[PDB]
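Colleague: sequence? don't have it. structure:
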RNA sequence: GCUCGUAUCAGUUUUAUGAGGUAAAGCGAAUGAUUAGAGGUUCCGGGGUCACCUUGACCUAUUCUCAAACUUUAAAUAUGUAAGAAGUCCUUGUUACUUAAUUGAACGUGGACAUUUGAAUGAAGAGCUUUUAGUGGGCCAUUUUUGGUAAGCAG
RNA sequence: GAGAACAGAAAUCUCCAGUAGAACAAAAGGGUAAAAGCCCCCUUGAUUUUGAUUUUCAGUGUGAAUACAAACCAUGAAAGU
RNA sequence: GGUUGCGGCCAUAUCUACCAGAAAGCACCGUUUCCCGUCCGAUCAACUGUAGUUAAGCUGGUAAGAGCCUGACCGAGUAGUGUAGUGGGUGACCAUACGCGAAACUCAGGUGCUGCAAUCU
């Protein structure tokens, strides 16, 4: 039909939320470094809540974005514990999806002291080639309705790749 | 505490008219102003440096000074019992040409052109403008337009 | 503290002074129900529409609306039944009236400063009313015309000024005259909307029009 | 005690009794408030043309 | 979704070229504005745009009805002057700035003076005025949307114009190899960039390393069997060729404009009139009412 | 009094060109309020069948009424400028200004500009200065309008 | 609005829509969307000399503001500010 | 005539859905040694027009399309208003005379034109 209209992974964002600031953040930073091979950024607190122990501007989370073949490798090793199967939910209206895990330190690499055990959050941003047309500075436009991504297109791509299946529930 | 600020009673004067907010079109800058050109002040509230006073909205005056990014205009002011010559230093965003002059200019050229022709053939080309003279006589035919009879409509409630 | 006579506030002397972010301590309007009778009633059933029309320019207190609303409803429902009419109050009391309270006790000059600071505190609500507008609109069946006349002529006594009852040529609460409305209703042009009707427009998406008014198009092909 | 604080009554009648006359504009207006760069360039231009006209009339 | 009618009514669209995103008006607003005491004098913009596969450079002065162009110089015509492949590279960007600088100077009649630099040793040297002569032509670099960045090709053409006898103000800040610890530019490193040193060094590295990518990329250079050392030669030969004849020889223009219109119109979608619109709805209304 | 003698003028109209945001109009235009419904929900509560009768709002298409401190639009009257010899047109001279320039700007030199010297009407003389008196408690009337219930009330 | 372990109406991330319904130190109004908002980078022009002008106005002051000149700087790649 | 770059008027140009796109252009598209910039070559920067694509952008077309624009003897000379009266009305307001004169509604049409330069079956 059309070769390049096929979907591809754009970016995975590897999200983690930490209540406080301290050594937990430091080990949270470095576990993501040994996770992705690139340093993460400390997403900074936005407001005060008085119930989550949050003042404004206290850097209460860690995330990192992975793209390219390293993204293909890192989602595979992340979805293996997910078992290449996933709930019929979790798929956004744009077809992006995500889910959470409970540990990474000894999931794929050897565990070492003074790092703790952290659950965290995956989120995959998947869009077909041509995404620059809505991100470039000059001649910025949109993406046509056909070029958009939907649930059925994404879940179908989820099938043919990894031979995965949805709706394990 | 009565207020007489530099922008008082100016909620609507410095508005940006509907669907024309934002930046200003660039023909405002590319317009050329020479000293002596009659111009009329219209304050574009988008640009805040060098705004005119509220009294100067819609006033018209000649240009006596042209500066780096502004022109200087001479306005006549209603004060007491005599006019005073006011000098304003206004950004070009707040000023535009007065189209009254160009109509005088084009009429003069046509008036000059008629004078050149009346010099050669047909002198006394009636140079001066004549306002709407009273209608001259005419014949209004009835052919196919017989005067239909009209009567006032009876009053009814419409409600 | 008791209410003043209405002739104090009859004329439209002041500019509209509605409840707003600048006018916060406004008392609630006494009138609260504006549609009465079988209000969930369709349009075809009540062809007759009669209006209580003001011929004068004044202020009608919110309470006077409520009084006439009660008396007009009570009489008509007792005569022709609750479900035989739909009475609708047209005007809404948004103008806030102001009162300057004067102490009526002996020695009041000491505790009160006359009109130093005479800005009256909000006193009540009224509807500013003009010439030829509609105050009440009652739609009903042609049968029960005289009852609504008496109902609407028994409400005028509770309103200041000189009102008039005039029956309308418009079909109920529509803007269309009776023959013009029936032309559309005969030609499937009209869809009931609970208390009013939507008219098919010759402008807009033809798909939506066909979905909303299939009967008109079917009659076109017959 | 209390007195009429302000009024514009009779002001326009006063203003027009002697009339509001235009400022009687003059040829060669006041060369003031102009751009200084223009002004004392204009000085030298007027100097130069004066010498030229003076030599033209000899 | 569900764009409301009130939103459509109240939506003030930006200027057409802002809607397309091609023009940054806030920046043009201060380029094309001119010192009001310079009433009629145009303010020329040296506009450079890096579309894919071509470089667009032109000199533009604003009028009331629209921008007028003195003379333009693109990279499509560079094969005439000897630059064949990689018409988008940094070295070509320098050359096309040189070409337009030569072109405009000869169109204005100021070719004989302000030769810029005949020998390009890559040092920051503006084109100053000569003693008692016409001033150097002053044009202003309107890069447009693309970000200012050290070593960007947009400032490659900047160096091209300023080395072409055309006075465009600038600082050595954005030229490639601009050190931060010290404010010295590297003449050797620029001269490499002028002649493709950042390209020829990738020629030889890949050629020394492998042949797969070296044969995939740079295919036209392999077709002419030209080595990296010849890249400097061809760029020089272009420079003196540009300095020899910048007179803007156009193309041959076969199948001329009326014919160009003729073929386009056949494959050009037309617009219906009221009669077609009346007919189309009548057929559609009948179809939807035809026992549906 | 002075300088001059039909004007560089005008509490005016017309032509043209603007300026405003009141009246009115508007809420199936934004904002704030508003009466009536009609049709459609995620497990971000069904409170009872856990999807089965019972509702938990919002969105859509309408509908009624509004607004001094809301408004798309938008008057009337009032208001600014112009309606020429201090102008128009042509030529080439100055500048330390400006331009890439012998490019422009400003000031000009010379030369052509009566049926009407460039809209109407009028001008009663026009313009300018000096000096000084009194006054600096106001009040009424149509219209507009604020506070007040209103006032031969106050503003 | 759609979603995503812990995480729920609300802690962080991503997408779509989003004419401004936010922010702009502080009253209200005006004004601003590749910005006047947010984040980052660099700086002191919040400097000197005086004058001219606008508002209040007696065309006085004070305050505030506008546009320039001569500098000298800042910033930018520059126009420019 | 199409396309590009720079624009003018700044929606008759916008917005929602679908359709078509010969040639050329544009664009997506490919690779990080260099400059450069990021959590990430996604943006930016560089290198190649080569490996491909019209899917998208873009252009145009379609919609009794929303919107927007113009006009109407459409509403309506209506609301409103200037002037006048020893007009009416207790008043509220209204009528009339001489003038100016809308807005909403209704209907009709339309849905970019163009400047400079270059390029293209």
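Modeller: Here it is on my side, so go on. Numbering: from 1, shown residues only, chains lettered A, B, ... in the order given.
Colleague: just the helices in chain C please.
Modeller: Counting by DSSP state H, residue ranges of the helices within chain C are C:62-80, C:108-111, C:145-153, C:178-186, C:206-212, C:214-221.
Colleague: Take these and write them to TSV, including distance to RNA strand H and mean neighbour count.
Modeller: (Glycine included, C-beta is placed from N, CA and C.) Formatted as TSV, the helices of chain C follow (distance: least, CB to the nearest atom of the strand, whole Å; neighbours: other CB atoms under 10 Å in any protein chain shown):
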stretch	distance to RNA strand H	mean neighbour count
helix C:62-80	15	19
helix C:108-111	30	9
helix C:145-153	19	19
helix C:178-186	12	15
helix C:206-212	3	13
helix C:214-221	7	14
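Colleague: Mind putting those into TSV with distance to residue A:33?
Modeller: Output for the helices of chain C, formatted as TSV (distance: least, CB to CB, whole Å):
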stretch	distance to residue A:33
helix C:62-80	71
helix C:108-111	79
helix C:145-153	83
helix C:178-186	73
helix C:206-212	57
helix C:214-221	65
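Colleague: With distance to chain D as extra columns, can I get the ones you listed in CSV?
Modeller: Shown next, in CSV, are those (distance: least, CB to the nearest CB, whole Å):
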stretch, distance to chain D
helix C:62-80, 37
helix C:108-111, 17
helix C:145-153, 51
helix C:178-186, 56
helix C:206-212, 61
helix C:214-221, 65
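Colleague: what about those helices, which gets the closest to residue E:80?
Modeller: Taking CB to CB, helix C:206-212 is the member of the helices of chain C nearest to residue E:80, at 57.5 Å.
Colleague: mind checking how far that closest one is from the chain centre?
Modeller: Put simply, helix C:206-212 sits 34 Å off its chain's centre (CA atoms, centre = their mean, to the nearest Å).
Colleague: Of all the helices of chain C, which one comes closest to chain A?
Modeller: helix C:206-212 (17.8 Å; CB to the nearest CB).
Colleague: Any part of the closest one near chain E?
Modeller: Yes: under the criterion of CB under 8 Å from any CB of the partner chain, helix C:206-212 makes contact with chain E via C:206, C:207, C:210.
Colleague: Touching that helix from outside, list them.
Modeller: C:191, C:198, C:200, C:201, C:217, E:281, E:284, E:285, E:288, E:289 (CB atoms under 8 Å, 6 or more residues apart in numbering or on different chains).
Colleague: Need the phi and psi values for the residue nearest to the fifth one when sequence neighbours are not counted.
Modeller: The spatially closest residue to residue C:217, leaving aside those adjacent along the chain, is residue E:289, at 4.5 Å (CB to CB, 6 or more residues apart in numbering or on different chains). Here the main-chain torsion angles of residue E:289 (degrees, to the nearest 10) amount to phi -100, psi 0.
Colleague: Chain E: helices as residue ranges?
Modeller: E:5-10, E:16-19, E:25-31, E:78-81, E:90-108, E:153-162, E:187-194, E:197-209, E:212-216, E:219-223, E:229-244, E:257-266, E:274-289.
Colleague: CSV for those helices, including mean neighbour count and distance to residue E:175?
Modeller: CSV is the format used below for those (neighbours: other CB atoms under 10 Å in any protein chain shown; distance: least, CB to CB, whole Å):
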stretch, mean neighbour count, distance to residue E:175
helix E:5-10, 8, 47
helix E:16-19, 12, 30
helix E:25-31, 15, 21
helix E:78-81, 17, 22
helix E:90-108, 26, 11
helix E:153-162, 27, 6
helix E:187-194, 19, 6
helix E:197-209, 15, 13
helix E:212-216, 12, 29
helix E:219-223, 13, 26
helix E:229-244, 17, 17
helix E:257-266, 9, 42
helix E:274-289, 12, 60
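Colleague: Please dump these into JSON lines; it should also carry distance to residue E:59 for every row.
Modeller: As requested, those are arranged in JSON lines below (distance: least, CB to CB, whole Å):
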{"stretch": "helix E:5-10", "distance to residue E:59": "41"}
{"stretch": "helix E:16-19", "distance to residue E:59": "19"}
{"stretch": "helix E:25-31", "distance to residue E:59": "13"}
{"stretch": "helix E:78-81", "distance to residue E:59": "18"}
{"stretch": "helix E:90-108", "distance to residue E:59": "5"}
{"stretch": "helix E:153-162", "distance to residue E:59": "10"}
{"stretch": "helix E:187-194", "distance to residue E:59": "22"}
{"stretch": "helix E:197-209", "distance to residue E:59": "27"}
{"stretch": "helix E:212-216", "distance to residue E:59": "38"}
{"stretch": "helix E:219-223", "distance to residue E:59": "30"}
{"stretch": "helix E:229-244", "distance to residue E:59": "16"}
{"stretch": "helix E:257-266", "distance to residue E:59": "24"}
{"stretch": "helix E:274-289", "distance to residue E:59": "46"}
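Colleague: And those helices: which comes nearest residue B:156?
Modeller: Short answer: helix E:5-10, nearest of the helices of chain E by CB to CB, at 36.6 Å.
Colleague: quick one: terminal-to-terminal distance for stretch C:87-102?
Modeller: Distance across stretch C:87-102, first residue to last, is 40 Å (CA to CA, to the nearest Å).
Colleague: is RNA strand H contacted by it?
Modeller: No: using CB under 7 Å from any atom of the strand, we find that stretch C:87-102 stays clear of RNA strand H, coming within 14.1 Å at best.
Colleague: Same question for that stretch: list its buried residues.
Modeller: C:87, C:88, C:89, C:90, C:91, C:93, C:94, C:95, C:96, C:97 (16 or more other CB atoms under 10 Å in any protein chain shown).
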